[PDB]
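Everything on this sheet refers to the single structure shown next.
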Amino acid sequence: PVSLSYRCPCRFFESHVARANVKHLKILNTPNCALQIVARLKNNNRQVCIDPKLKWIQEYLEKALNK
Amino acid sequence: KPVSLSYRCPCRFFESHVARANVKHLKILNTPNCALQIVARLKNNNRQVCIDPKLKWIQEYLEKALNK
Ligand SMILES: O=C(Nc1ccccc1)Nc1ccc(-c2nnn[nH]2)cc1
């Protein structure tokens with residue numbers, strides 16, 4: 001089958017994930033995709049794509065970086 | 001050690017020469033007790049390595065993911 005770009009592993013996102021329920025975030029190197037952010041959740045150990053506009057993500061990433 | 005028994009921060013060492021093009025993804029650990037929270041999974045060899053948070057391209061990489 002023909003493919004016209006690399007597939008985006010994230011097609012849908014969750015908007016109601018809390019920072020406290022995240023083991024880690026993964027930021028996928030898929031810059032042409034709208035959704036690059038995955039969370040692995042603490043309560044069940046599953047991965048979900050998450051809303052990149054969640055304000056807590058920004059402070060989470062700033063703290064990781066400004067070290 | 002199993003993780004359940006580990007008190008050590010996960011990243012012992014970091015790498016400063018990881019090219020953006022060789023990164024499958026960055027994993028940002030939720031470990032505020034620790035200095036190094038950024039792990040890259042590499043495309044060419046599939047290793048996970050901790051990376052220097054001052055690596056040149058990381059900030060722009062992360063900002064682009066957010067700015068959609
Ligand atoms: O392989 C790497 N590290 C490692 C850690 C423990 C044991 C053996 C090896 N690092 C690595 C970093 C960057 C690149 C690379 N190639 N092109 N762009 N980045 C390849 C390997």
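In what follows, chains are A, B, ... by sequence order, proteins preceding strands, each numbered from 1. In listed order, ligands and their atoms are each counted from 1.
Summary of contacts: the protein heavy atom closest to atom 14 (C) of ligand 1 is B:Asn22 ND2, 3.4 Å. Nearest protein heavy-atom neighbour of atom 13 (C) of ligand 1: B:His17 O, 3.8 Å. The nearest protein atom to atom 4 (C) of ligand 1, hydrogens excluded, is given as B:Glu15 OE2, 3.5 Å; this is a heavy-atom distance. At the top of the distance list for atom 1 (O) of ligand 1, counting protein heavy atoms only, stands B:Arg47 NH1, 3.1 Å.
Between A:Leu35 and A:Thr30 the shortest heavy-atom distance is O-OG1, 4.3 Å.
Every atom of ligand 1 is numbered from 1 in the order shown, and the set under 4.0 Å from a heavy atom of B:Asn45 is 1 (O), 21 (C). Close contacts of ligand 1 with B:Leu42, meaning ligand atoms under 4.0 Å from a residue heavy atom, involve 10 (N), 11 (C), 12 (C), 21 (C).
Remark: B:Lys54 NZ to B:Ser16 OG distance equals 10.0 Å, nearest 0.5 Å.
Within a 6.0 Å sphere centred on CZ of B:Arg12, heavy atoms belonging to other residues, nucleotides or ligands number more than 12. Within 6.0 Å of the OH atom in B:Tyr61, the count of heavy atoms belonging to other residues, nucleotides or ligands exceeds 12.
A donor-acceptor pair shorter than 3.5 Å cannot be found between the side chains of A:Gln36 and B:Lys64.
For B:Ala19, a nitrogen or oxygen atom sits less than 3.5 Å from a nitrogen or oxygen atom of ligand 1, counting backbone and side chain alike.
Across the pair A:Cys33 and A:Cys8, the gap between the SG atoms, which is the quantity tested here, stays under 2.5 Å.
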